[PDB]
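Cβ placement follows ideal geometry from the backbone for every residue including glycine, while neighbour counts extend to all protein chains displayed. The numbers here are math on the coordinates, done by the rules we state, and not lab data.
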Amino acid sequence: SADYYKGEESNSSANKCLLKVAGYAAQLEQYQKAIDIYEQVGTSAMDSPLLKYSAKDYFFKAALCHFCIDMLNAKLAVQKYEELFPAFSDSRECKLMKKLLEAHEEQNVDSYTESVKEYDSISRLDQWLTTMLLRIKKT
Amino acid sequence: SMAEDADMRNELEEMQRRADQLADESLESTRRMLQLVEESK
């Protein structure tokens with residue numbers, strides 16, 4: 001459907017189709033496809049003022065997907081993501097993952113659990129996000 | 001020979017009224033405002 005839409009010059013739907021495809025794919029433990037699609041959507045929406053702010057969520061999703069790869073490049077990935085979008089620092093997600101990484105650096109599960117509980121209490125989490133958080137906890 | 005009177009030592013200012021629960025109540029409202037403002041975005 002997305003290929004047909006691109007061939008029809010009908011935009012604003014291919015982006016959502018790719019977003020949903022990546023969200024589904026990340027369920028089956030396939031990260032490269034999800035990372036590529038999420039970064040493509042983020043770079044497409046960065047220049048659009050309407051979706052520019054929402055692009056932060058896509059970057060956060062990509063960072064979460066990239067987190068499972070390895071912490072060493074995950075920090076670099078976060079730094080790179082922060083570098084290209086300095087306004088990303090305004091979002092609480094950056095500090096959230098920074099604290100999670102700080103807790104994980106010494107296997108301190110208590111701090112990560114406290115951070116996740118606080119984030120859930122302040123705002124509800126998605127099922128996919130909760131699943132990824134639990135998977136990271138299993139590490 | 002009766003120990004004469006003595007001057008009142010002094011005054012040790014100490015004031016406590018009704019702050020505890022009044023400011024705890026004040027807080028519980030701000031927290032809810034924060035939650036709603038977060039939800040709108």
Subset of the stretch A:124-139, residues assigned to a helix (DSSP H, G or I), farther than 14 Å from A:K61 by Cβ and not basic (K, R), comes to A:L134
Pair list, Cβ under 7 Å, 6 or more apart: the stretch B:28-41 residue facing chain A (nearest Cβ under 9 Å), other residue outside any helix (DSSP H, G or I) and surrounded by 10 or more Cβ atoms within 10 Å (Cβ to Cβ)
B:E38/A:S123
Whether any residue in the stretch A:102-123 is closer than 20 Å to A:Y58 by Cβ, within 14 Å of chain B (Cβ to nearest Cβ) and out of contact with any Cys (no Cβ under 9 Å at 6 or more places or on another chain) is what I want to check.
yes
Let me spell it out: the conditions are (1) under 12 Å from the mean Cα position of the chain (by Cα); (2) among the small types (G, A, S); (3) more than 14 Å from chain B (Cβ to nearest Cβ), and A:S48 meets all of them except one. Which number is the exception?
(1)
Inside the stretch B:1-36, the number of residues satisfying the requirement of being more than 11 Å from the chain's Cα centre (by Cα) and in a helix (DSSP H, G or I) is 12
How many residues, within the stretch A:1-43, are under 15 Å from the mean Cα position of the chain (by Cα) and either closer than 21 Å to A:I69 by Cβ or surrounded by 15 or more Cβ atoms within 10 Å (Cβ to Cβ) (or both)?
24
Answer yes or no as to whether A:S91 is touching a residue at least 12 places away in the same chain (Cβ under 8 Å), under 17 Å from B:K41 (Cα atoms), within 14 Å of another protein chain (Cβ to nearest Cβ) and surrounded by fewer than 18 Cβ atoms within 10 Å (Cβ to Cβ).
yes
